[PDB]
Amino acid sequence: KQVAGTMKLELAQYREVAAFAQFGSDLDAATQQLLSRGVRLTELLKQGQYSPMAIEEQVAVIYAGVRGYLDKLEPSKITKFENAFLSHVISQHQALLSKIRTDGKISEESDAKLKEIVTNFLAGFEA
Amino acid sequence: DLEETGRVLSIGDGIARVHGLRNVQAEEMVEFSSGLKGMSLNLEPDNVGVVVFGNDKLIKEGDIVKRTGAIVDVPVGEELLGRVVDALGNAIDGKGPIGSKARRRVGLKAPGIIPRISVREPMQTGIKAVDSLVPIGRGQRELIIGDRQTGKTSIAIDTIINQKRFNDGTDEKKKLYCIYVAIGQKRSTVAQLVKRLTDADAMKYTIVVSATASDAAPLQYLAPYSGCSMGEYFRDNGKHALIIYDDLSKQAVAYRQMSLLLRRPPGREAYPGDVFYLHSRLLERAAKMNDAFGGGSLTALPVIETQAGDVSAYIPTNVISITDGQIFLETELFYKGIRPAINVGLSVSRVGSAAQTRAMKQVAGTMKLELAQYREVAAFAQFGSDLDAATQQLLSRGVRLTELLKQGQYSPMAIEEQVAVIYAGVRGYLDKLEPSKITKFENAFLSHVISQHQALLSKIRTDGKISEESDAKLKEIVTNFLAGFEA
Amino acid sequence: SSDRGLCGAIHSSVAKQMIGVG
Amino acid sequence: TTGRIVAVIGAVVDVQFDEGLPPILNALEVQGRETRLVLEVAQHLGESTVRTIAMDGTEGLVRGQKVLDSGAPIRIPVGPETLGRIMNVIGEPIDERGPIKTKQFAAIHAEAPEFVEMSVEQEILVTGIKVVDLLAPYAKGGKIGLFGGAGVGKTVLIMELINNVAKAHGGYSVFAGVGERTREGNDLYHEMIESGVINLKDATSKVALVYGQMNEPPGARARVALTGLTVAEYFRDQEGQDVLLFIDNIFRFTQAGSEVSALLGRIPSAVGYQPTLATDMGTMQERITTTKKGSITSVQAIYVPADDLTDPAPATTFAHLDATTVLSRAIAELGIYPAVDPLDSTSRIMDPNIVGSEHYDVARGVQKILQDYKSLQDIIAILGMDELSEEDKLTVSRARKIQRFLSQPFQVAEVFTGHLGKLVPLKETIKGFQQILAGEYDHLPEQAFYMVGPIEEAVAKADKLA
Amino acid sequence: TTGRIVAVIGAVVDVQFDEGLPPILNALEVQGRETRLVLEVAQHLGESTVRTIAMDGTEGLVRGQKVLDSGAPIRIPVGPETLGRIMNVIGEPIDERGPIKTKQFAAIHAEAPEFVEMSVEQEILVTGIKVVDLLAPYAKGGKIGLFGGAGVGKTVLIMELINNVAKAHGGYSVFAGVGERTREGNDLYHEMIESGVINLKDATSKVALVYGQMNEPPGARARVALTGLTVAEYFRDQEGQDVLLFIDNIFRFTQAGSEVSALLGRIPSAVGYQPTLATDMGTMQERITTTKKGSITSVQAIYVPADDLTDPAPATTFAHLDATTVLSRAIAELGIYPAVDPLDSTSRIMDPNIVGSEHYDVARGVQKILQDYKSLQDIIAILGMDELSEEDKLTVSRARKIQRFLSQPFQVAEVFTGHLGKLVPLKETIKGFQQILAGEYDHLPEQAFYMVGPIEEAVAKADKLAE
Amino acid sequence: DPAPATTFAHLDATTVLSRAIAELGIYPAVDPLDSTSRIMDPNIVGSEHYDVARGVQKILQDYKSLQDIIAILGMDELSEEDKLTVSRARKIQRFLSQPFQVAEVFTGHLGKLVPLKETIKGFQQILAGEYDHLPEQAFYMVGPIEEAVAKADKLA
Ligand SMILES: Nc1ncnc2c1ncn2[C@@H]1O[C@H](COP(=O)(O)OP(=O)(O)NP(=O)(O)O)[C@@H](O)[C@H]1O
Ligand SMILES: Nc1ncnc2c1ncn2[C@@H]1O[C@H](COP(=O)(O)OP(=O)(O)O)[C@@H](O)[C@H]1O
Ligand SMILES: [Mg+2]
Ligand SMILES: [Mg+2]
């Protein structure tokens, strides 16, 4: 809920605005951000078959998107990112995933830990 | 006695199958032992299919049904004026018995081809859009049609309210008795209706016939005919009557219920093969009588509800083709602020000029033309900055006449007030006035001419048109007024 | 070229060839 | 013999006979009524019972009420005495001018002329109306689709066709109002009286009137067309005429058929029409034709439901039409009368194998030039007129002259206008338009060709103007 | 007198009586069942056989099983003792709290109040919902309809109305669950225990509940609206009181009847419906009304089959209402909630002489700009935004903002929006929209107006979106 | 229609032919977005085959979404990115067509049989932009991709 709570209505507004802006005409900072965010979350929601994801791994992936940490990553790279990111947190951060899974929430501590992981990982990834 | 009486074999869904009654006539009113009436619509070899005028709970298998020597007729006359009655002419306003001295059958043949003369006398609605562009004559049948909640009843109410200016007068020729038939509506809607007419002081010359949503199917089916015969009393006695059928869509539904349950064959939309006939025989009873027959008239305004604009659906198709013309209302005009929501491009009166006075006739022709010229170029507007002045003008004149056709509810206008307003537009006095300011202008301008130029309005009426002298007057009233307006 | 579009390959044609006017 | 009513269900009445049964299509007279109530046998149900369709209201009928078999179908008064008279479906006068005193009677159901009785040749029935005869000509014994409605000079066009056919072909007319609106039937009646094609005083009447009004039962409205056609068949068969039959309007004939069919419990076909849609239309239309003895040519006003030309009703009808006259509100607004659309109106016999190579090529040349004139009208509003080539300036001139030469004053409209009416022969029509194309009247002013008969009057009008 | 079952086909049961024949509408009692099975007399078939619809499942029934005439239609408990309680179609408690100890009972069939019993009084009922209050406001004692296809927001909207209006209502409320979800009944029940409008411990309960959900056979869904209605009718007359009546969903009454129509031997009318659709609805709807004796404010959720508003069922319902809220899937698809079509929602009290010319003029102004924007939509969508007049693109930006300012976070919708719910008073709604129309917020971005309460929150959000 | 509609669930692979595709001259007139196979799965056909297929299908679907705009306004109102999808998609549509031995009378070409590996490669290459320089017509009614190239050369 913490990560996805407003996302449905947000994605509905993004799709409407993506259509209305379909003719590339000078857009304000607000809608251009919604567009950037929207196209990126769309990529995160893509998924293969036969590998359903544990909740905590879904949360961490969505977290990256909804907090804006991927807003500058090129949309076509988002999937390569997610798998790279995910395999990193699975091996290296079983402690963080464990806590999110066990507590069923993102504590202020887990939030801080997550931001540190994604931002620095994404930078390494984007080199 | 299985000739004058019978017993109920089966009863359900408002249909009693009755054994016996060997002497009943087709469409005869029989009576059940509980006191409920019925109509003998199906006469079959081994049963009479009777249509029930009330709740079924009161009829059981083996109940005695009697022919009564009854006859399907309604109270008729001027004592119905100011009264609310049901399908059969019974009082429902709770003000005691109707003082009726005469009666008339509900099912009667319309005047033939010979007792008539052309429609000539104006039937004045007081609605600028209608009287100018879709003009109605005495004896005409003009259809009011549109989707739900587009303003259909309003056209009719304002027409009824309008007649006061003539009925309070002393010219008998110009007077108009009103009949409003409510079919299938809810009681509280009808109540608000009569409240409006009462406050408008319109009830004193109006008969309200009401067969509401909980009344049995056959009463809703009869109601228009009942109301019709009450209007024929006027028509046949050198007098003029207006009747509104609100609505015929619901009446058809009610009759369909009956035909289906009598197991008559279903056709398109499950309607039976006699539904065109049902409506055609109702609407032909509106007529303009010749002088040999008193010169009276019955004018009918049937209402039809369309679904999602489908004028080609079955019942709309029937009533459209039966009538002498249609006033089409549209939802999108309505919310654009075009109210009354009349589509002027599509609406038509086939009587036409024959039902206009010379004053209106004059200014209305120019408006019709300039609106038609407007309609062709109408799309060049919002997507036009680099237009030639010729088409810039047609657009400007067009948007402005469109504003003059807008009208408030419950305030119908006298024909001379209408021509004065249209004059301002068709003569180009409002061409430089901003579109948004036109409605304010008209109200104010009209308040002025009514207050200070009663004689000018008196003249346009007396002269029958706008003379050179009246023209001069108006020119100076409008110009100076407009100058003052934009000060 | 100009500000106004909807005129075929006017604007695109010069851009393929390519401070600007329009 | 005499039968008894056993069932009444609206406009369907079942009659049981003790001896011989009336065959299908027989007329039956109900006894014990104020006015005549005819029932037409539709089916034999078995058990000595017939199912009928009522020609008027069935209100008041009792099971047991006596019914007399007439022995034949509906038989109506036919002959010169019906002219100027108005009758209904069952032959009764409804003009209040008393009985229709004819020596002959005729059954309204009859079979189409046999294959041997058919004319193998196609002939024009010259109307003397320039647009019609030149561009979309009428065929002797054919059917014409009249598209129009109100305000386009439709009643005037009809009244003039009645007049012109009497004057040029010695043929009488019949008008059949299928679903006639009572108001409009009265108005039509008096417009004919006022125009002369009906005469109450003498016996010059050129039309007989047959009304099947809107408020009549389905059966009545379904049969009037036959009644009208039967009147007309007299004038073809007995008096050898090229007759005119108006049907106003054909769609309402179809719809009455649809209603009757629905009332008889027959399962509806596509779009809810009667399963017999095509045969209902076939058994009536095939009666309209050229026989060895004469011809009936029918003008049929067409309503196109939902503006769908693929709708079963117009689709079926089109199978029978040999030409269309399209009356245009746009054309009337330009002051062109008759308001015939010269490009929208078509004819099957516009064929050099039928009308000749000279009639053909002039019509095509007229069509071509009016087609070309329109192409330049976008360039007219943009470049103006003085930017055209010397060829294109000349086409605009000629086309504008052709448009006006297609207008014609009508004799039937003399009272309204004062202008003398014209009936232009086919050869003068062809000649006239032939010469405008050639450029023999380029020097003439454009308004000289307007509201004119033959091309000689275009010259006499041009000389008269200062 | 005793009758015998002769035929069972689904919900329809034929019963033969040798002695006295029970009149149509009578309630019959099937002998030898664990739970009370009522059959309601529908038709007299002839030959001392009646046709009935069952009020519960007919499984287990045997030809020849005994049936007793009760002597009357279905009679249910009415009165104060129904408050806090849950009944079914036949007035049995379904809350496992024992007998409903009323003094009197009432037949669920009754005549509609006569024309002379009608009231014409109409004053505005404010909801706190922007789009409703502004464009198509409810009246006290009026008939309100919430139209919508599947999953567009009828129930959420009706729960928000119960939240905003019923919670603080002085008189009594009736909620009738008609052919809807049992889950939603359990939801609503426990939310009302929580909020105190139902009290299980004292006598302060202000709401009576009547339930016949989509787990019930059609006979039960066909009558359960009548049952709720009858409860309300009592509180209206025999107490003269201000009653709120909520029905979710009144279509299910009509659908139920269509389910049994063919087994009752009817030729189908158009779109598969009973020929009696409109009269059936008539004798039912005409009871749901304010009279001179008392006031019912009725709110009725109205399902729209296949999203089609021309469907006979919703189409025939429109004429029965004084205010209509029409919900649209196209709008909901946009994330605009409540998904009210502002160009298809109407009210009888939308009248300058009733709401004042200020309320009226802004409402008509809002609709005009939305209609104008709609009439440009499909056009500029392919022909370019830059090809527009400088006052056209000003209406396009203003309409897009008004579209958004019509949306609102509902208290009831917190689990769907992630936003705290907002209630906006009338004057604030008028003012806000009035301001956007006058150009006052052309500097503010679109999204600032999306999913907020009052106009100050559109301003606050605009600051938060900057950084 | 109930008859075909009901048959779908009985099939492990559907080839849906389209009259609109046929009328464009594309034979076999296969609707490449309405024909499916239960073995179109990376674990069965391999990821390369699977990827090229999904790629072809995506470019064809993207083309399809642009066609309302194209029909009214035309090619010229498209971004450069869109023009590229359109041109590649249209070359892919043509390379899906094939001359059948059985239909030689109608095609006027010799019937062809393309081995799977070469089918994958031809489309793999069109997607990679490798023949954005070649004309459309070159891809029509040929076998392997080499034939498309040689046909382009022959168009001088
Ligand atoms: N000229 C007008 N100006 C402003 N409002 C109007 C006008 N005419 C009608 N209305 C209003 O528009 C609404 C619909 O009017 P009404 O006469 O009820 O139409 P209708 O089609 O008869 N409705 P219904 O029968 O309920 O589907 C009402 O609220 C009227 O008060
Ligand atoms: N006012 C609202 N705000 C946010 N989301 C809503 C709102 N109304 C409906 N929804 C979404 O749509 C779903 C369907 O609404 P509901 O009222 O159950 O539909 P119905 O019209 O079928 O009763 C809700 O469960 C919710 O997810
Ligand atoms: Mg109304
Ligand atoms: Mg719901």
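Residue numbers (the authors' numbering), protein chains in the order written: chain C, 384 to 510; chain A, 24 to 510; chain G, 72 to 89, 106 to 109; chain E, 9 to 474; chain D, 9 to 475; chain F, 319 to 474. From the three backbone atoms N, C-alpha and C, an ideal C-beta is built for every residue, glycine too.
Going by the CB atoms, is the gap between D:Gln39 and D:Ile152 shorter than 8 Å? Contact: no.
Would you call the stretch 416–433 of chain E and the stretch 198–205 of chain E in contact, with 3 or more CB pairs under 8 Å? As far as the Cβ criterion goes, the stretch 416–433 of chain E touches the stretch 198–205 of chain E, which means the pair count is three or higher.
Drop a sphere of 10 angstroms on the beta-carbon of A:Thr322, count the other beta-carbons inside from all chains shown, and report buried for 16 or more, exposed for fewer. It counts as buried.
Report whether the distance from the Cβ of D:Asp352 to the nearest heavy atom of ligand 1 is below 7 Å. Every heavy atom of ligand 1 is 7 Å or more from the Cβ of D:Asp352, so no.
Can you list the residues of chain D that G:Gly76 reaches, using a CB-CB cut of under 7 Å? Chain D residues near G:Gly76: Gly392.
What residues from chain E crowd round A:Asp24, counting only those whose CB sits closer than 8 Å? Simply none; closest approach about 15 Å.
Is it the case that the stretch 235–249 of chain D contacts the stretch 85–93 of chain D, given that we only count it when at least three CB pairs across the two stretches are under 8 Å? The stretch 85–93 of chain D and the stretch 235–249 of chain D touch, with no fewer than 3 CB-CB distances between them shorter than 8 Å.
Can you tell me whether G:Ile106 is buried or exposed? The criterion is at least 16 other CB atoms within 10 Å of its CB, across all chains shown. Label assigned to G:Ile106: exposed.
At a threshold of 7 Å, does E:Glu192 count as lining ligand 4 (C-beta to nearest heavy atom)? The nearest non-hydrogen atom of ligand 4 is 7 Å or more from the C-beta of E:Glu192.
Selection of the stretch 108–136 of chain D by Cβ proximity to chain A, strictly under 9 Å: Listed by position along the chain: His117, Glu119, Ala120, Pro121, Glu122, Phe123, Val124, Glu125, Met126, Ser127, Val128 and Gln130.
Assuming D:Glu168 contacts D:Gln419 under a Cβ cut-off of 8 Å, what Cβ separation, rounded to an integer in Å, is found between them? Right, the Cβ-Cβ distance comes to about 7 Å (below 8 Å), so this counts as a contact.
Counting by C-beta, which residues lie closer than 5 Å to a heavy atom of ligand 1, in chain order? Residue selection by CB proximity (closer than 5 Å to any heavy atom of ligand 1) returns A:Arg171, A:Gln172, A:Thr173, A:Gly174, A:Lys175, A:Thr176, A:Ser177, A:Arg362, A:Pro363 and A:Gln432 in chain order.
Is it right to say E:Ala338 is buried, meaning 16 or more other beta carbons lie within 10 angstroms of its own, or is it exposed? With a threshold of 16 other beta carbon atoms within 10 Å, E:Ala338 falls short and is exposed.
Please report the residue range of the beta strand (DSSP E) in which D:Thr57 lies. Under the DSSP assignment, D:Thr57 falls in the beta strand (DSSP E) whose first and last residues are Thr57 to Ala62.
What are the start and end residues of each continuous beta strand (DSSP E) run of 3 or more residues lying completely inside the stretch 316–377 of chain A, in chain order? Runs of the beta strand (DSSP E) inside the stretch 316–377 of chain A: 320–328 and 348–351.
When you compare only the Cα positions, how much space is there between E:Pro145 and E:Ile132? If I take the Cα positions, the gap works out to 7 Å.
Tell me the residue span of the beta strand (DSSP E) that contains A:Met52. Segment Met52 to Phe55, the beta strand (DSSP E) holding A:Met52.
Between the C-alpha atoms of A:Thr354 and E:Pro350, what's the straight-line distance to the nearest angstrom? When the Cα atoms are used, A:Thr354 and E:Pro350 turn out to be separated by approximately 38 Å.
On the three-state DSSP scale, how would you describe E:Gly65? E:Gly65: coil per DSSP, three-state reduction.
Please state whether the Cβ-Cβ distance between D:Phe261 and D:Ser181 is less than 8 Å. Not a contact, by the Cβ cut-off of 8 Å.
CB of A:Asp269 to nearest heavy atom of ligand 3: below 7 Å? Result yes, Cβ under 7 Å from ligand 3.
Which residues DSSP lists as bridging A:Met146, in chain order: According to DSSP, residue pairing for A:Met146 in a beta bridge involves A:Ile159.
By C-beta, the residues closer than 6 Å to any heavy atom of ligand 2, given in chain order: Per the Cβ criterion, the list is D:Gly156, D:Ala158, D:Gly159, D:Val160, D:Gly161, D:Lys162, D:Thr163, D:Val164, D:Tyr345, D:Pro346, D:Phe418, D:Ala421, D:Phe424 and D:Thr425.
Give me the Cα-Cα distance between A:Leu265 and D:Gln221, rounded to the nearest whole angstrom. Spanning the two alpha carbons is a distance of roughly 49 Å.
Check this for me: beta carbons of E:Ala321 and E:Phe259, under 8 Å apart or not? Against a cut-off of 8 Å, the Cβ pair of E:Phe259 and E:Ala321 comes out as a contact.
Closest by CA to E:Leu76, which one among E:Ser397, E:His451, E:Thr291 and E:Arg41? Answer by Cα proximity: E:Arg41.
Check D:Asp450 in the structure and name its three-state DSSP category. Looking at D:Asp450 - three-state DSSP - the assignment turns out to be coil, as it is neither helix nor strand.
Just the chain A side, please: which residues come within less than 8 Å of D:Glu395 by C-beta, in chain order? Ordered by position in chain A, the residues that pass the 8 Å Cβ test against D:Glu395 are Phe406.
At a cut-off of 7 Å, is A:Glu465 close to ligand 4 when judged by its beta-carbon and the heavy atoms of the ligand? Checking every heavy atom of ligand 4 against the Cβ of A:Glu465, none is found closer than 7 Å.
DSSP-derived helix/strand/coil call for D:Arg71: Reduced to three states, the DSSP call for D:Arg71 is coil.
For the stretch 401–429 of chain C, which residues have a beta carbon sitting closer than 7 Å to at least one beta carbon of chain D? Of all residues in the stretch 401–429 of chain C, those with a C-beta nearer than 7 Å to a C-beta of chain D are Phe406, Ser408, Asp411, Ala413, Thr414 and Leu417, reading in chain order.
Closest Cα partner of D:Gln375 within the set D:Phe113, D:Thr57 and D:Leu143: Of D:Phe113, D:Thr57 and D:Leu143, the residue nearest in Cα terms is D:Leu143.
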